[PDB]
>>> print(open('start10.cif').read())   # mmCIF, C-alpha atoms
data_structure
#
loop_
_atom_site.group_PDB
_atom_site.id
_atom_site.type_symbol
_atom_site.label_atom_id
_atom_site.label_comp_id
_atom_site.auth_asym_id
_atom_site.auth_seq_id
_atom_site.Cartn_x
_atom_site.Cartn_y
_atom_site.Cartn_z
ATOM 1 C CA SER P 1 3.268 44.700 60.749
ATOM 2 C CA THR P 2 3.448 46.827 63.878
ATOM 3 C CA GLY P 3 6.027 48.649 65.964
ATOM 4 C CA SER P 4 6.130 49.785 69.603
ATOM 5 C CA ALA P 5 8.803 51.991 71.174
ATOM 6 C CA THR P 6 9.159 53.687 74.524
ATOM 7 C CA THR P 7 9.559 57.462 74.520
ATOM 8 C CA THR P 8 11.359 59.133 77.436
ATOM 9 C CA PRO P 9 11.433 62.751 78.670
ATOM 10 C CA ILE P 10 14.835 64.413 78.113
ATOM 11 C CA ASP P 11 14.740 66.240 81.452
ATOM 12 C CA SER P 12 12.755 66.788 84.634
ATOM 13 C CA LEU P 13 10.401 69.272 82.919
ATOM 14 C CA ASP P 14 9.327 67.074 79.983
ATOM 15 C CA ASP P 15 10.837 69.656 77.607
ATOM 16 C CA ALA P 16 10.850 67.004 74.863
ATOM 17 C CA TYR P 17 10.769 63.222 74.484
ATOM 18 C CA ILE P 18 13.303 60.920 72.828
ATOM 19 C CA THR P 19 12.670 57.557 71.230
ATOM 20 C CA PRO P 20 15.399 55.112 70.156
ATOM 21 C CA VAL P 21 15.611 54.512 66.397
ATOM 22 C CA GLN P 22 17.792 51.951 64.605
ATOM 23 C CA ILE P 23 19.443 53.261 61.419
ATOM 24 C CA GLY P 24 21.637 51.308 59.021
ATOM 25 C CA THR P 25 23.369 47.941 58.962
ATOM 26 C CA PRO P 26 24.683 47.051 61.481
ATOM 27 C CA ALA P 27 22.191 49.133 63.451
ATOM 28 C CA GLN P 28 23.227 52.552 64.727
ATOM 29 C CA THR P 29 20.799 53.560 67.475
ATOM 30 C CA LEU P 30 20.053 57.267 67.760
ATOM 31 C CA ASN P 31 17.588 58.935 70.132
ATOM 32 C CA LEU P 32 15.216 61.001 68.012
ATOM 33 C CA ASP P 33 12.539 63.554 68.844
ATOM 34 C CA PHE P 34 9.339 62.283 67.193
ATOM 35 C CA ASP P 35 7.652 65.385 65.821
ATOM 36 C CA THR P 36 4.078 65.319 64.503
ATOM 37 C CA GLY P 37 4.580 68.981 63.478
ATOM 38 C CA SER P 38 7.255 68.349 60.843
ATOM 39 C CA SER P 39 8.100 65.867 58.125
ATOM 40 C CA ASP P 40 11.878 65.402 57.956
ATOM 41 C CA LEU P 41 13.858 62.581 59.553
ATOM 42 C CA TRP P 42 17.230 64.205 60.160
ATOM 43 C CA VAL P 43 20.191 63.191 62.274
ATOM 44 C CA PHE P 44 23.449 64.405 63.684
ATOM 45 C CA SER P 45 26.059 62.650 61.594
ATOM 46 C CA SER P 46 29.694 62.194 60.682
ATOM 47 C CA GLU P 47 29.083 65.101 58.257
ATOM 48 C CA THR P 48 27.938 67.568 60.931
ATOM 49 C CA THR P 49 30.295 70.526 61.421
ATOM 50 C CA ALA P 50 32.471 69.371 64.329
ATOM 51 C CA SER P 51 32.045 72.531 66.406
ATOM 52 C CA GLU P 52 28.257 72.051 66.303
ATOM 53 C CA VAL P 53 28.325 68.564 67.824
ATOM 54 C CA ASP P 54 28.355 68.456 71.650
ATOM 55 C CA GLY P 55 27.552 65.049 73.119
ATOM 56 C CA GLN P 56 25.090 63.755 70.524
ATOM 57 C CA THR P 57 25.303 60.294 69.038
ATOM 58 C CA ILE P 58 26.028 60.547 65.310
ATOM 59 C CA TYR P 59 24.980 58.488 62.302
ATOM 60 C CA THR P 60 27.965 57.483 60.150
ATOM 61 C CA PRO P 61 26.651 56.390 56.743
ATOM 62 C CA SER P 62 30.049 55.061 55.640
ATOM 63 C CA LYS P 63 29.728 52.380 58.350
ATOM 64 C CA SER P 64 26.327 51.206 57.090
ATOM 65 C CA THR P 65 26.308 48.599 54.341
ATOM 66 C CA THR P 66 22.756 49.587 53.369
ATOM 67 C CA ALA P 67 23.345 53.370 53.172
ATOM 68 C CA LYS P 68 23.203 54.990 49.741
ATOM 69 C CA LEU P 69 23.739 58.677 48.964
ATOM 70 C CA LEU P 70 20.609 60.164 47.437
ATOM 71 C CA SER P 71 22.521 61.949 44.732
ATOM 72 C CA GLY P 72 21.936 65.698 44.448
ATOM 73 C CA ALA P 73 19.423 65.842 47.297
ATOM 74 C CA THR P 74 19.673 68.525 49.972
ATOM 75 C CA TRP P 75 17.425 69.660 52.807
ATOM 76 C CA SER P 76 17.014 72.726 54.997
ATOM 77 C CA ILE P 77 14.453 73.312 57.705
ATOM 78 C CA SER P 78 13.499 76.058 60.132
ATOM 79 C CA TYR P 79 11.284 75.362 63.131
ATOM 80 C CA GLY P 80 8.752 77.546 64.932
ATOM 81 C CA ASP P 81 11.188 78.274 67.745
ATOM 82 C CA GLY P 82 13.724 79.708 65.306
ATOM 83 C CA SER P 83 16.035 76.681 65.308
ATOM 84 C CA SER P 84 17.253 75.172 62.041
ATOM 85 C CA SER P 85 19.363 72.501 60.368
ATOM 86 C CA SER P 86 20.409 71.467 56.866
ATOM 87 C CA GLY P 87 22.471 68.954 54.929
ATOM 88 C CA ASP P 88 22.386 66.142 52.384
ATOM 89 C CA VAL P 89 20.487 62.854 52.194
ATOM 90 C CA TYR P 90 21.024 59.107 52.339
ATOM 91 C CA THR P 91 18.546 56.285 52.028
ATOM 92 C CA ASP P 92 18.950 53.511 54.585
ATOM 93 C CA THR P 93 17.070 50.968 56.662
ATOM 94 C CA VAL P 94 15.269 52.496 59.639
ATOM 95 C CA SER P 95 13.511 50.578 62.403
ATOM 96 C CA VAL P 96 11.341 51.850 65.233
ATOM 97 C CA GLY P 97 10.220 49.464 67.928
ATOM 98 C CA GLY P 98 10.540 46.428 65.649
ATOM 99 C CA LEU P 99 8.948 48.052 62.575
ATOM 100 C CA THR P 100 11.368 48.305 59.642
ATOM 101 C CA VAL P 101 11.320 50.566 56.578
ATOM 102 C CA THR P 102 13.872 50.014 53.841
ATOM 103 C CA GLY P 103 14.883 52.926 51.637
ATOM 104 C CA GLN P 104 13.928 55.598 54.190
ATOM 105 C CA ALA P 105 15.336 59.063 53.527
ATOM 106 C CA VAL P 106 17.766 59.819 56.353
ATOM 107 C CA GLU P 107 18.704 63.470 56.207
ATOM 108 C CA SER P 108 22.266 63.964 57.364
ATOM 109 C CA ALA P 109 22.982 67.296 59.028
ATOM 110 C CA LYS P 110 25.933 69.319 57.827
ATOM 111 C CA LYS P 111 24.812 72.291 59.940
ATOM 112 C CA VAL P 112 22.600 72.666 63.008
ATOM 113 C CA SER P 113 21.661 75.772 64.995
ATOM 114 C CA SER P 114 22.847 76.404 68.524
ATOM 115 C CA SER P 115 19.703 75.105 70.242
ATOM 116 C CA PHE P 116 20.369 71.674 68.737
ATOM 117 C CA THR P 117 24.072 71.663 69.620
ATOM 118 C CA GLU P 118 23.286 72.676 73.191
ATOM 119 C CA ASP P 119 20.865 69.787 73.659
ATOM 120 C CA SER P 120 23.071 66.726 74.056
ATOM 121 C CA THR P 121 20.097 64.383 74.528
ATOM 122 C CA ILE P 122 18.501 64.815 71.067
ATOM 123 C CA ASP P 123 20.302 63.119 68.181
ATOM 124 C CA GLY P 124 17.827 64.322 65.538
ATOM 125 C CA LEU P 125 14.142 64.498 64.659
ATOM 126 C CA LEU P 126 11.718 61.997 63.135
ATOM 127 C CA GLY P 127 8.901 63.876 61.448
ATOM 128 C CA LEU P 128 5.372 62.497 61.535
ATOM 129 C CA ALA P 129 3.364 65.304 59.899
ATOM 130 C CA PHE P 130 2.305 64.917 56.270
ATOM 131 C CA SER P 131 4.960 64.314 53.634
ATOM 132 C CA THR P 132 3.915 67.445 51.751
ATOM 133 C CA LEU P 133 5.988 69.387 54.341
ATOM 134 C CA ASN P 134 9.187 67.401 53.725
ATOM 135 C CA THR P 135 12.014 69.780 52.759
ATOM 136 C CA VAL P 136 14.190 67.520 50.575
ATOM 137 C CA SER P 137 14.980 69.071 47.198
ATOM 138 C CA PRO P 138 14.692 68.500 44.280
ATOM 139 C CA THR P 139 12.787 65.290 45.052
ATOM 140 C CA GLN P 140 10.566 65.490 48.139
ATOM 141 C CA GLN P 141 10.783 62.457 50.392
ATOM 142 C CA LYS P 142 8.246 60.515 52.456
ATOM 143 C CA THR P 143 8.062 60.256 56.236
ATOM 144 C CA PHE P 144 8.764 57.039 58.098
ATOM 145 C CA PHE P 145 5.015 56.652 58.718
ATOM 146 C CA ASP P 146 4.118 57.265 55.081
ATOM 147 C CA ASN P 147 6.659 54.645 53.976
ATOM 148 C CA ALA P 148 5.474 52.106 56.583
ATOM 149 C CA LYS P 149 1.766 52.703 56.137
ATOM 150 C CA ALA P 150 0.838 50.089 53.552
ATOM 151 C CA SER P 151 2.625 47.359 55.543
ATOM 152 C CA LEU P 152 0.974 48.278 58.847
ATOM 153 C CA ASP P 153 -1.900 46.197 60.221
ATOM 154 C CA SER P 154 -3.860 49.472 60.431
ATOM 155 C CA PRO P 155 -2.675 52.802 58.946
ATOM 156 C CA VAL P 156 -2.264 54.551 62.307
ATOM 157 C CA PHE P 157 0.205 55.539 64.947
ATOM 158 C CA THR P 158 -0.468 56.527 68.541
ATOM 159 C CA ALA P 159 1.225 58.887 70.988
ATOM 160 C CA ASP P 160 0.992 58.108 74.696
ATOM 161 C CA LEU P 161 3.299 60.631 76.330
ATOM 162 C CA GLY P 162 3.995 60.474 80.054
ATOM 163 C CA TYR P 163 3.989 63.207 82.662
ATOM 164 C CA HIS P 164 7.455 63.103 84.235
ATOM 165 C CA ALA P 165 7.604 59.465 83.056
ATOM 166 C CA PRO P 166 8.178 57.357 79.957
ATOM 167 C CA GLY P 167 5.411 56.674 77.458
ATOM 168 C CA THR P 168 4.905 54.910 74.144
ATOM 169 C CA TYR P 169 4.686 55.409 70.385
ATOM 170 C CA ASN P 170 2.885 52.541 68.649
ATOM 171 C CA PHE P 171 2.639 52.006 64.890
ATOM 172 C CA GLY P 172 -0.056 49.947 63.204
ATOM 173 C CA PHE P 173 -2.354 49.149 66.129
ATOM 174 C CA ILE P 174 -4.377 50.723 68.916
ATOM 175 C CA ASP P 175 -3.522 49.349 72.379
ATOM 176 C CA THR P 176 -6.961 49.147 73.987
ATOM 177 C CA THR P 177 -5.366 48.697 77.433
ATOM 178 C CA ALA P 178 -3.628 52.092 77.282
ATOM 179 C CA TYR P 179 -6.625 54.387 77.790
ATOM 180 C CA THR P 180 -9.851 54.647 79.741
ATOM 181 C CA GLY P 181 -13.330 55.049 78.301
ATOM 182 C CA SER P 182 -13.685 55.521 74.557
ATOM 183 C CA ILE P 183 -11.620 57.278 71.901
ATOM 184 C CA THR P 184 -13.332 60.307 70.375
ATOM 185 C CA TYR P 185 -12.386 60.934 66.773
ATOM 186 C CA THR P 186 -12.395 64.344 65.148
ATOM 187 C CA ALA P 187 -11.815 65.656 61.625
ATOM 188 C CA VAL P 188 -8.385 66.647 60.327
ATOM 189 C CA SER P 189 -7.427 69.174 57.683
ATOM 190 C CA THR P 190 -4.201 68.362 55.872
ATOM 191 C CA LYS P 191 -4.229 71.655 53.924
ATOM 192 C CA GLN P 192 -1.236 73.063 55.828
ATOM 193 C CA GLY P 193 0.507 69.670 56.082
ATOM 194 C CA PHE P 194 -0.235 69.312 59.811
ATOM 195 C CA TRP P 195 -2.520 67.175 61.966
ATOM 196 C CA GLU P 196 -4.849 70.180 62.177
ATOM 197 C CA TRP P 197 -8.178 69.871 63.960
ATOM 198 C CA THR P 198 -10.768 71.981 65.776
ATOM 199 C CA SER P 199 -11.277 71.732 69.522
ATOM 200 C CA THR P 200 -14.811 72.417 70.696
ATOM 201 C CA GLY P 201 -13.888 74.589 73.677
ATOM 202 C CA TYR P 202 -12.295 74.789 77.093
ATOM 203 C CA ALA P 203 -12.736 75.114 80.830
ATOM 204 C CA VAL P 204 -10.455 76.488 83.540
ATOM 205 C CA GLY P 205 -10.321 74.458 86.738
ATOM 206 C CA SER P 206 -13.799 73.624 87.989
ATOM 207 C CA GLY P 207 -15.288 76.410 85.860
ATOM 208 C CA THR P 208 -18.002 76.125 83.270
ATOM 209 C CA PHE P 209 -17.109 74.856 79.819
ATOM 210 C CA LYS P 210 -16.954 77.505 77.100
ATOM 211 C CA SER P 211 -18.102 76.209 73.722
ATOM 212 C CA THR P 212 -15.889 77.792 71.097
ATOM 213 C CA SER P 213 -14.045 76.483 68.045
ATOM 214 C CA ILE P 214 -10.253 76.442 68.416
ATOM 215 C CA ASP P 215 -8.365 75.381 65.292
ATOM 216 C CA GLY P 216 -4.914 74.017 66.046
ATOM 217 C CA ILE P 217 -2.329 71.326 65.443
ATOM 218 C CA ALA P 218 -1.469 68.190 67.388
ATOM 219 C CA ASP P 219 2.277 68.644 67.710
ATOM 220 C CA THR P 220 4.394 66.240 69.752
ATOM 221 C CA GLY P 221 7.501 68.288 68.917
ATOM 222 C CA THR P 222 6.283 71.420 70.728
ATOM 223 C CA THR P 223 6.613 71.450 74.527
ATOM 224 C CA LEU P 224 3.788 73.774 75.542
ATOM 225 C CA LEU P 225 0.130 74.476 74.825
ATOM 226 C CA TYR P 226 -0.297 77.612 72.693
ATOM 227 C CA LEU P 227 -3.829 78.999 72.500
ATOM 228 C CA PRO P 228 -5.579 82.291 71.662
ATOM 229 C CA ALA P 229 -4.793 85.211 73.957
ATOM 230 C CA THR P 230 -8.371 85.344 75.225
ATOM 231 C CA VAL P 231 -8.256 81.722 76.388
ATOM 232 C CA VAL P 232 -4.794 82.062 77.923
ATOM 233 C CA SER P 233 -5.751 85.245 79.796
ATOM 234 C CA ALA P 234 -8.818 83.491 81.219
ATOM 235 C CA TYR P 235 -6.606 80.664 82.498
ATOM 236 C CA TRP P 236 -3.916 82.785 84.160
ATOM 237 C CA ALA P 237 -6.488 85.147 85.697
ATOM 238 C CA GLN P 238 -7.282 82.214 88.027
ATOM 239 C CA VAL P 239 -3.715 82.138 89.393
ATOM 240 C CA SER P 240 -2.902 84.826 91.972
ATOM 241 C CA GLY P 241 0.103 86.851 90.943
ATOM 242 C CA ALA P 242 0.358 85.431 87.424
ATOM 243 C CA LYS P 243 1.293 87.886 84.705
ATOM 244 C CA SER P 244 2.571 88.076 81.160
ATOM 245 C CA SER P 245 6.219 89.097 81.177
ATOM 246 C CA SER P 246 7.647 90.512 77.966
ATOM 247 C CA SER P 247 11.162 90.190 79.410
ATOM 248 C CA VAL P 248 10.769 86.469 80.143
ATOM 249 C CA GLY P 249 8.709 85.794 77.019
ATOM 250 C CA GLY P 250 5.340 84.687 78.354
ATOM 251 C CA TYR P 251 3.163 84.086 81.355
ATOM 252 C CA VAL P 252 4.919 83.511 84.644
ATOM 253 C CA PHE P 253 3.429 82.742 88.025
ATOM 254 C CA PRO P 254 4.535 82.528 91.660
ATOM 255 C CA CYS P 255 6.198 79.176 92.279
ATOM 256 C CA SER P 256 4.141 79.023 95.504
ATOM 257 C CA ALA P 257 0.891 78.752 93.498
ATOM 258 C CA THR P 258 -1.332 75.748 93.060
ATOM 259 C CA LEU P 259 -2.326 75.692 89.375
ATOM 260 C CA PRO P 260 -5.858 74.919 88.208
ATOM 261 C CA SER P 261 -6.485 72.246 85.606
ATOM 262 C CA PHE P 262 -7.319 73.088 82.002
ATOM 263 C CA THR P 263 -9.909 71.164 80.014
ATOM 264 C CA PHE P 264 -10.136 71.073 76.212
ATOM 265 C CA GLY P 265 -12.984 69.701 74.119
ATOM 266 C CA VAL P 266 -12.772 66.969 71.512
ATOM 267 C CA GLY P 267 -16.244 66.795 70.022
ATOM 268 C CA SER P 268 -18.540 66.169 72.991
ATOM 269 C CA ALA P 269 -15.644 64.647 74.978
ATOM 270 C CA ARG P 270 -13.308 66.442 77.368
ATOM 271 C CA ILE P 271 -9.593 66.024 78.093
ATOM 272 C CA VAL P 272 -8.428 67.342 81.463
ATOM 273 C CA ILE P 273 -4.861 68.622 81.828
ATOM 274 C CA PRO P 274 -3.977 68.555 85.554
ATOM 275 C CA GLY P 275 -2.590 71.795 86.976
ATOM 276 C CA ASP P 276 0.800 70.249 87.701
ATOM 277 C CA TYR P 277 1.314 69.585 83.959
ATOM 278 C CA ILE P 278 1.227 73.381 83.429
ATOM 279 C CA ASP P 279 4.212 74.038 85.768
ATOM 280 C CA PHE P 280 7.531 74.486 83.913
ATOM 281 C CA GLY P 281 9.479 75.520 86.980
ATOM 282 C CA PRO P 282 11.676 78.463 87.877
ATOM 283 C CA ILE P 283 12.466 80.860 85.033
ATOM 284 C CA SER P 284 16.119 80.687 86.117
ATOM 285 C CA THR P 285 17.791 78.563 88.782
ATOM 286 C CA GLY P 286 16.693 79.640 92.258
ATOM 287 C CA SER P 287 13.953 82.003 91.084
ATOM 288 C CA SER P 288 10.542 82.051 92.732
ATOM 289 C CA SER P 289 8.950 83.020 89.402
ATOM 290 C CA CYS P 290 7.817 79.949 87.480
ATOM 291 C CA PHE P 291 7.163 79.581 83.741
ATOM 292 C CA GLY P 292 3.672 78.657 82.581
ATOM 293 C CA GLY P 293 2.830 75.727 80.346
ATOM 294 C CA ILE P 294 -0.092 77.473 78.625
ATOM 295 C CA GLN P 295 1.008 80.426 76.505
ATOM 296 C CA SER P 296 -0.466 82.712 73.874
ATOM 297 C CA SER P 297 -0.295 81.698 70.216
ATOM 298 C CA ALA P 298 -0.671 85.327 69.152
ATOM 299 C CA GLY P 299 2.042 85.981 66.615
ATOM 300 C CA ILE P 300 2.739 82.262 66.031
ATOM 301 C CA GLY P 301 -0.100 82.297 63.560
ATOM 302 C CA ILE P 302 -1.444 78.916 64.664
ATOM 303 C CA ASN P 303 -2.666 77.288 67.862
ATOM 304 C CA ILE P 304 -0.526 74.378 68.997
ATOM 305 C CA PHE P 305 -1.659 71.427 71.088
ATOM 306 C CA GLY P 306 1.846 70.530 72.199
ATOM 307 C CA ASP P 307 3.072 68.053 74.790
ATOM 308 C CA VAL P 308 1.318 69.766 77.734
ATOM 309 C CA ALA P 309 -2.003 68.902 76.099
ATOM 310 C CA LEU P 310 -1.118 65.649 74.375
ATOM 311 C CA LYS P 311 0.408 63.997 77.427
ATOM 312 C CA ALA P 312 -2.979 64.248 79.159
ATOM 313 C CA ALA P 313 -4.404 61.919 76.491
ATOM 314 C CA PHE P 314 -3.970 58.780 74.444
ATOM 315 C CA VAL P 315 -3.803 60.195 70.910
ATOM 316 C CA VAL P 316 -4.518 58.329 67.669
ATOM 317 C CA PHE P 317 -3.045 59.718 64.456
ATOM 318 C CA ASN P 318 -5.229 57.949 61.898
ATOM 319 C CA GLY P 319 -3.598 58.006 58.462
ATOM 320 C CA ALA P 320 -6.471 56.408 56.578
ATOM 321 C CA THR P 321 -7.370 57.860 53.178
ATOM 322 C CA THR P 322 -9.272 60.564 55.056
ATOM 323 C CA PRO P 323 -7.106 61.199 58.102
ATOM 324 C CA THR P 324 -8.603 61.803 61.553
ATOM 325 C CA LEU P 325 -7.379 62.304 65.129
ATOM 326 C CA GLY P 326 -8.597 60.401 68.160
ATOM 327 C CA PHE P 327 -8.300 61.391 71.822
ATOM 328 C CA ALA P 328 -9.020 59.319 74.932
ATOM 329 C CA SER P 329 -8.467 59.963 78.614
ATOM 330 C CA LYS P 330 -5.989 57.661 80.347
#
>>> encode(input="start10.cif", output="structure tokens")
Amino acid sequence: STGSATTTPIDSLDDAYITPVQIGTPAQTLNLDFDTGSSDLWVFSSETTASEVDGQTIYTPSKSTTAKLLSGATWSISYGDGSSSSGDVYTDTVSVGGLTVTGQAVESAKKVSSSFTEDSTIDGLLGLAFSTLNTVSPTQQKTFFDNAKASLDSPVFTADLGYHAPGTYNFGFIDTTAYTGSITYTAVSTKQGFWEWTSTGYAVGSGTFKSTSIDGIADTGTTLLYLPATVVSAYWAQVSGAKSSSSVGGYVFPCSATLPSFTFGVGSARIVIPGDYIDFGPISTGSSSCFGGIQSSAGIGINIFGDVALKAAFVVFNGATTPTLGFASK
């Protein structure tokens, strides 16, 4: 089997992407944030504290003839940005882009943090990291991908995120029309439960490529590109007037600037992030200070190849017995 679904930016900055997901019988369609940095499929629901729901579409398990309470199971997750959610668990039928999993754990939120409430466009998350990170207790549950894997034509999914435009998540096949040149594959460590890999270096603009190993995670659920302070300083030093602002929480730059591109290495191959992808706009409405899309990972504890990086590529998440990651230009 295969599946193919369009993923759409939630706003004009590509802060996140939502993908429609069918849950239950009859189908209830919710727009979920597909997150290769976590492993829980959780939704706003009829059980979510009323004051914490503000515009989201909710899953109502009592209206699904295939929903079953997973007795005694609870979940609770905290994300790298300090947001969180928790609740109980149902199993139900879940379909993405024509691909159906029966008996998928659907984690129903009883509580969500303010960042989730305040984002009316995101109805929940669909985790696509390794199932070892799943938070359901006392019986850990499998991701949608893990459940689908054996049925898929090939045990893979791909992320093709757009810049200020829709893109695609495919399951079970590689669309050879969706990228240019060849796909370069690179080793993955699953030791921390992430799609963790090692970039071979970087360049700033038209500058020379610096060969250096950068361990990090391919994370569709993180907006920006978080890299070591040395690398990030070298990038912003090429933008007149750019500076790190402790008050704002990162590098800012004059909105009048033209940003250089940023290249990252994948083996001997190179992925080029155009300068415009690194512009996250005014820090506040009407400001002439703009927020940068490349930020320091210092104090995160891990480098994160988030959407800024991934949207410059066609990315293969290969879930074969020994997982790997593939990147192609597009």
>>> atom_distance(input="start10.cif", atom1="atom CA of residue P:206", atom2="atom CA of residue P:179")
22.9 Å
>>> resolve_selection(input="start10.cif", expression="the PyMOL selection byres ((chain P and resi 312) around 10)", output="list in words")
residues 160, 161, 162, 163, 263, 271, 272, 273, 274, 277, 307, 308, 309, 310, 311, 313, 314, 315, 327, 328, 329 and 330 of chain P
>>> closest_residue(input="start10.cif", among="P:87, P:97, P:265, P:37", to="residue P:169", atoms="only C-alpha atoms")
P:97
>>> atom_distance(input="start10.cif", atom1="atom CA of residue P:121", atom2="atom CA of residue P:287")
24.9 Å
>>> residues_near_point(input="start10.cif", point="(25.7, 61.1, 48.8)", cutoff="12 Å", atoms="only C-alpha atoms", output="list in words")
residues 47, 61, 62, 67, 68, 69, 70, 71, 72, 73, 74, 87, 88, 89, 90, 91, 92, 105, 106, 107 and 108 of chain P
>>> resolve_selection(input="start10.cif", expression="the PyMOL selection byres ((chain P and resi 52) around 8)", output="PyMOL selection string")
chain P and resi 48-51+53-54+111-114+117
>>> write_last_selection(input="start10.cif", atoms="C-alpha atoms", output="PDB file, in the coordinates of the input")
ATOM      1  CA  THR P  48      27.938  67.568  60.931  1.00  0.00           C
ATOM      2  CA  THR P  49      30.295  70.526  61.421  1.00  0.00           C
ATOM      3  CA  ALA P  50      32.471  69.371  64.329  1.00  0.00           C
ATOM      4  CA  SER P  51      32.045  72.531  66.406  1.00  0.00           C
ATOM      5  CA  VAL P  53      28.325  68.564  67.824  1.00  0.00           C
ATOM      6  CA  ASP P  54      28.355  68.456  71.650  1.00  0.00           C
ATOM      7  CA  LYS P 111      24.812  72.291  59.940  1.00  0.00           C
ATOM      8  CA  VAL P 112      22.600  72.666  63.008  1.00  0.00           C
ATOM      9  CA  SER P 113      21.661  75.772  64.995  1.00  0.00           C
ATOM     10  CA  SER P 114      22.847  76.404  68.524  1.00  0.00           C
ATOM     11  CA  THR P 117      24.072  71.663  69.620  1.00  0.00           C
TER      12      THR P 117
END
>>> build_atoms(input="start10.cif", residues="stretch 269-287 of chain P", atoms="N, CA and C atoms", output="PDB file, in the frame of the given file")
ATOM      1  N   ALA P 269     -16.511  65.152  73.919  1.00  0.00           N
ATOM      2  CA  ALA P 269     -15.644  64.647  74.978  1.00  0.00           C
ATOM      3  C   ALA P 269     -14.735  65.752  75.528  1.00  0.00           C
ATOM      4  N   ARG P 270     -14.100  65.458  76.650  1.00  0.00           N
ATOM      5  CA  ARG P 270     -13.308  66.442  77.368  1.00  0.00           C
ATOM      6  C   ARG P 270     -12.018  65.773  77.817  1.00  0.00           C
ATOM      7  N   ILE P 271     -10.898  66.455  77.607  1.00  0.00           N
ATOM      8  CA  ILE P 271      -9.593  66.024  78.093  1.00  0.00           C
ATOM      9  C   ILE P 271      -9.170  67.017  79.156  1.00  0.00           C
ATOM     10  N   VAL P 272      -8.838  66.505  80.336  1.00  0.00           N
ATOM     11  CA  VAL P 272      -8.428  67.342  81.463  1.00  0.00           C
ATOM     12  C   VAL P 272      -6.919  67.299  81.658  1.00  0.00           C
ATOM     13  N   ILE P 273      -6.292  68.464  81.570  1.00  0.00           N
ATOM     14  CA  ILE P 273      -4.861  68.622  81.828  1.00  0.00           C
ATOM     15  C   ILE P 273      -4.725  69.025  83.300  1.00  0.00           C
ATOM     16  N   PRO P 274      -4.149  68.159  84.152  1.00  0.00           N
ATOM     17  CA  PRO P 274      -3.977  68.555  85.554  1.00  0.00           C
ATOM     18  C   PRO P 274      -3.103  69.798  85.702  1.00  0.00           C
ATOM     19  N   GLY P 275      -3.375  70.601  86.728  1.00  0.00           N
ATOM     20  CA  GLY P 275      -2.590  71.795  86.976  1.00  0.00           C
ATOM     21  C   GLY P 275      -1.086  71.574  86.990  1.00  0.00           C
ATOM     22  N   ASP P 276      -0.632  70.475  87.585  1.00  0.00           N
ATOM     23  CA  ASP P 276       0.800  70.249  87.701  1.00  0.00           C
ATOM     24  C   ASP P 276       1.479  70.138  86.328  1.00  0.00           C
ATOM     25  N   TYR P 277       0.739  69.726  85.301  1.00  0.00           N
ATOM     26  CA  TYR P 277       1.314  69.585  83.959  1.00  0.00           C
ATOM     27  C   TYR P 277       1.663  70.952  83.363  1.00  0.00           C
ATOM     28  N   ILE P 278       1.117  72.016  83.947  1.00  0.00           N
ATOM     29  CA  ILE P 278       1.227  73.381  83.429  1.00  0.00           C
ATOM     30  C   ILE P 278       2.400  74.128  84.114  1.00  0.00           C
ATOM     31  N   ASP P 279       3.063  73.458  85.060  1.00  0.00           N
ATOM     32  CA  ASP P 279       4.212  74.038  85.768  1.00  0.00           C
ATOM     33  C   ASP P 279       5.527  73.677  85.066  1.00  0.00           C
ATOM     34  N   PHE P 280       6.220  74.690  84.539  1.00  0.00           N
ATOM     35  CA  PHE P 280       7.531  74.486  83.913  1.00  0.00           C
ATOM     36  C   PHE P 280       8.688  75.035  84.735  1.00  0.00           C
ATOM     37  N   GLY P 281       8.427  75.279  86.015  1.00  0.00           N
ATOM     38  CA  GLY P 281       9.479  75.520  86.980  1.00  0.00           C
ATOM     39  C   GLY P 281      10.078  76.902  86.926  1.00  0.00           C
ATOM     40  N   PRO P 282      11.070  77.128  87.784  1.00  0.00           N
ATOM     41  CA  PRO P 282      11.676  78.463  87.877  1.00  0.00           C
ATOM     42  C   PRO P 282      12.207  78.968  86.540  1.00  0.00           C
ATOM     43  N   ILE P 283      12.031  80.264  86.294  1.00  0.00           N
ATOM     44  CA  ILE P 283      12.466  80.860  85.033  1.00  0.00           C
ATOM     45  C   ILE P 283      13.984  80.804  84.890  1.00  0.00           C
ATOM     46  N   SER P 284      14.671  80.845  86.020  1.00  0.00           N
ATOM     47  CA  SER P 284      16.119  80.687  86.117  1.00  0.00           C
ATOM     48  C   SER P 284      16.379  79.993  87.443  1.00  0.00           C
ATOM     49  N   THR P 285      17.517  79.323  87.578  1.00  0.00           N
ATOM     50  CA  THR P 285      17.791  78.563  88.782  1.00  0.00           C
ATOM     51  C   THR P 285      17.647  79.429  90.040  1.00  0.00           C
ATOM     52  N   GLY P 286      16.866  78.949  90.999  1.00  0.00           N
ATOM     53  CA  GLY P 286      16.693  79.640  92.258  1.00  0.00           C
ATOM     54  C   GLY P 286      15.613  80.709  92.281  1.00  0.00           C
ATOM     55  N   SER P 287      15.012  81.009  91.135  1.00  0.00           N
ATOM     56  CA  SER P 287      13.953  82.003  91.084  1.00  0.00           C
ATOM     57  C   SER P 287      12.670  81.488  91.688  1.00  0.00           C
TER      58      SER P 287
END
